[PDB]
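Q: Sharing a structure, written as structure tokens. Questions coming.
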There are 2 protein chains.
Amino acid sequence: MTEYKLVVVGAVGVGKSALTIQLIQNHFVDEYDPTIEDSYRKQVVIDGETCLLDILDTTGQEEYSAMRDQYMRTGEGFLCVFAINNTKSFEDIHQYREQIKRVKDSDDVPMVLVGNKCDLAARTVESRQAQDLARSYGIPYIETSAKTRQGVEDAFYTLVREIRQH
Amino acid sequence: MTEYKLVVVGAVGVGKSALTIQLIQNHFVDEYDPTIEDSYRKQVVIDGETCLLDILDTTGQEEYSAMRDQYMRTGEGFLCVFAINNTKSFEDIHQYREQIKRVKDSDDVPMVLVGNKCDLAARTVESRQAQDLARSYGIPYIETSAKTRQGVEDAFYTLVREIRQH
Ligand SMILES: Nc1nc2c(ncn2[C@@H]2O[C@H](COP(=O)(O)OP(=O)(O)OP(=O)(O)O)[C@@H](O)[C@H]2O)c(=O)[nH]1
Ligand SMILES: Nc1nc2c(ncn2[C@@H]2O[C@H](COP(=O)(O)OP(=O)(O)OP(=O)(O)O)[C@@H](O)[C@H]2O)c(=O)[nH]1
Ligand SMILES: [Mg+2]
Ligand SMILES: [Mg+2]
């Protein structure tokens, strides 16, 4: 079986666990409850091919210092998430792309910038500046919603395909 | 207003007009009725940006000989469609990628291979061989359905994004 090892990285509050749960469980997590490490494995079919999504929902702050590195070495593909109503969350996307290139010892890794929570209207991070960071890295930018599920299968699949053409 | 000039090319029978109508009208066209040229213009929002899809649904055989060339010069991005139950339709995708590179005078054009009609189970063109043609061209491969609408916004958006990062 073909498989893909997706790590979902980025800051606290953003909606890392509410996207992974929307995709693997089809319901929204309104409940506040933070993460250390979490593997979801689903058998899926993407463009008629049988694959196993082996996702590792993690975090963005703790005593996960460069203890972050162990998971980054082995993740084939990364989802980088920011929240569109959180200026700081967008600015720390650098800090994560720099050590995903440090532990991967390559400038080209399959990734996706994800401007999450896109149904709230207190946007602070324009689409224009997140679509400009994303083509500065040579990467996609997809906008998603975990309350709504719009954007979720788009994000996750765009990434899987990026892992296919590496 | 940002806009994108999408040409939908490929053979007869494949479902070029049933994808363009599914996206711009949300219903399936079961009815048999062939094409010469057709512009659909919709105002859409893709990853929070306002854009105009200015699609030009066309064909794959007629007295559209290299009269095909006039539209290919001006289309910013191409959807190449084959039907998964039609071996020949897949094999003429070459004939279309060669003159989209001839009139565009470039080897890199934003494109998408589209294995349409994916809900029928008389597949003849495996996913494995269409995912291998697609990474041979350095392009996406998305599988779609116009009876179902699965794959339709994925195909069209993946292409728009490909036009953004050129
Ligand atoms: N409205 C809105 N809220 C969201 C969205 N996704 C998540 N949230 C909310 O944002 C908060 C945090 O969600 P989580 O999914 O727990 O985010 P997280 O990034 O995993 O945070 P940690 O695992 O602690 O690092 C929760 O209160 C969710 O209900 C979204 O798309 N829109
Ligand atoms: N089951 C199935 N049939 C499809 C699909 N999309 C289109 N068809 C059928 O395939 C036939 C042709 O559809 P059109 O959408 O007219 O295809 P076309 O490529 O535009 O053909 P021309 O414009 O003549 O070149 C019709 O009989 C549709 O009902 C699909 O996803 N699945
Ligand atoms: Mg979490
Ligand atoms: Mg037609």
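When the header is checked for method, it gives X-ray crystallography, 2.6 Å.
A Cβ is built for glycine as well, from the same backbone N, Cα and C atoms used for every other residue.
The (Microbial infection) O-linked (Glc) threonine annotation in Swiss-Prot covers B:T35 and rests on experimental evidence. Residues or ranges marked as N-acetylmethionine in Swiss-Prot (evidence: experimental evidence): B:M1. Feature annotation from Swiss-Prot assigns N-acetylthreonine to B:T2. According to Swiss-Prot, the feature S-nitrosocysteine maps to B:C118. Annotated motif 'Effector region' per Swiss-Prot: B:32-40, in sequence order.
Walk me through the surroundings of each of these features.
A: Neighbour density for B:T35 ((Microbial infection) O-linked (Glc) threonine): within 10 A of its CB lie 16 other CB atoms from the protein chains shown.
Cβ contacts within 10 Å of B:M1 (N-acetylmethionine), excluding its own Cβ and spanning all protein chains shown: 7.
Around the Cβ of B:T2 (N-acetylthreonine), a 10 Å sphere holds 11 further Cβ atoms from the protein chains shown. In three-state terms derived from DSSP, B:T2 (N-acetylthreonine) belongs to an extended strand segment.
Within 10 Å of the C-beta of B:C118 (S-nitrosocysteine) there are 24 other C-beta atoms, taking all protein chains into account.
If one looks beyond the motif 'Effector region' (B:32-40) by at least 6 residues along the same chain, the residues whose Cβ comes under 8 Å of a Cβ in the stretch are 12, 16-17, 20, 24, 53-59, 62, 64, 71.
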Q: When secondary structure is assigned with DSSP, how many helix, strand and coil residues does the motif 'Effector region' (B:32-40) contain?
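A: Summed over the motif 'Effector region' (B:32-40), the classes give 0 helix, 3 strand, 6 coil.
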Q: Using a Cβ cut-off of under 8 Å to chain A, which of the recorded positions B:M1, B:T35, B:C118 qualify?
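A: In terms of proximity to chain A, the recorded positions that count are B:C118, given in sequence order.
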Q: Do you know offhand how many angstrom separate B:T2 (N-acetylthreonine) and B:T35 ((Microbial infection) O-linked (Glc) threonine) by C-alpha?
A: 28
Q: Quick test of your reading of the structure: among the recorded positions B:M1, B:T2, B:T35, B:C118, whose CB sits under 6 A from ligand 2?
A: B:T35
